[PDB]
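What follows is one chain in structure tokens, specifically the form deposited in one PDB entry.
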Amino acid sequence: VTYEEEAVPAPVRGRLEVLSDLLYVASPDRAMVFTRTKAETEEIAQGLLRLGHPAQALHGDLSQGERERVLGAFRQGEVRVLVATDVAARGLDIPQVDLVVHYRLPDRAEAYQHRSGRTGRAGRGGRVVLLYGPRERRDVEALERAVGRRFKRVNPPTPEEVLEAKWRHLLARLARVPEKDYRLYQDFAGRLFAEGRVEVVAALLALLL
């Protein structure tokens, strides 16, 4: 195994929210999320959507043609999140991805591995994350038995983790903006600096994040 696995604690309800934060912090090019039912794939996708992530749902009800295009969307970068059921998920036509997340848990060990292999954009490297509920702890120990491995027990992202991630995203915007367009606002930038009021700029960031 050349990928790492983390067991991360979440409350079935706040499950979506935790995940969203995971993504924001981790910022992976491609990610799959696994769940039990095609309906969840839907909720979760819509959910993540409104939560501001490029998410699609992968199930077998998807037509041959619909599938094939949800997948392409994925390989380009147009879709950055695929939410699938283990069944819909079988196939060689599935890309390798930066990060695998188990939303609900896989009952038996083989589902775990089929799911987990899709990470590692080489056969080497990759992160897997399992989400467990407050009681499901016993379920997690059980899997580790099956899988014959100890998963790392890692906390969800702190608010300032996210804040930190958002800020990183933002320097990324600024990078893009070319002199051709910021050159016009030099003077103002000057004023702010020469006044030296963090509060005002703190304010400015307030409504950019």
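Residues that one form lacks are left out of the comparison. Numbers for residues come from their place in the sequence shown, where the first is 1. The term rigid core refers to the most C-alpha atoms you can superpose between the two forms while keeping them within 1.5 Å.
With 111 to 119 and 129 to 137 compared on mean CA B-factor from the PDB entry, the stretch scoring higher is 129 to 137. The stretch with the higher mean CA B factor, choosing between 189 to 197 and 10 to 18, is 10 to 18.
Take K166, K38, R30, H53 and read off each C-alpha B-factor from the entry; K38 has the highest.
Compared with the other modelled residues of the chain, the Cα B-factor recorded for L208 ranks in the lowest third. Sort the chain's modelled residues by C-alpha temperature factor and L62 lands in the highest third, per the entry. When the modelled residues of the chain are ordered by C-alpha B-factor, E43 sits in the highest third. When the CA B factors of the chain's modelled residues are split into thirds, the value for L92 lands in the middle one.
When all modelled residues of the chain are sorted by CA temperature factor, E179 is found within the middle third.
The form deposited in another entry is left out here; the points below concern that form.
Once both forms are overlaid on the rigid core, the distance between the two CA positions of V12 between this form and the one not shown is under 2 angstroms.
Shown in the overlay between this form and the one not shown, fitted on the rigid core, is a CA shift at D61 smaller than 2 Å. Once the rigid core is aligned, the segment that moves between this form and the one not shown, defined as three or more consecutive common residues whose C-alpha shifts all reach 2 Å, runs 163 to 209 and is the only one.
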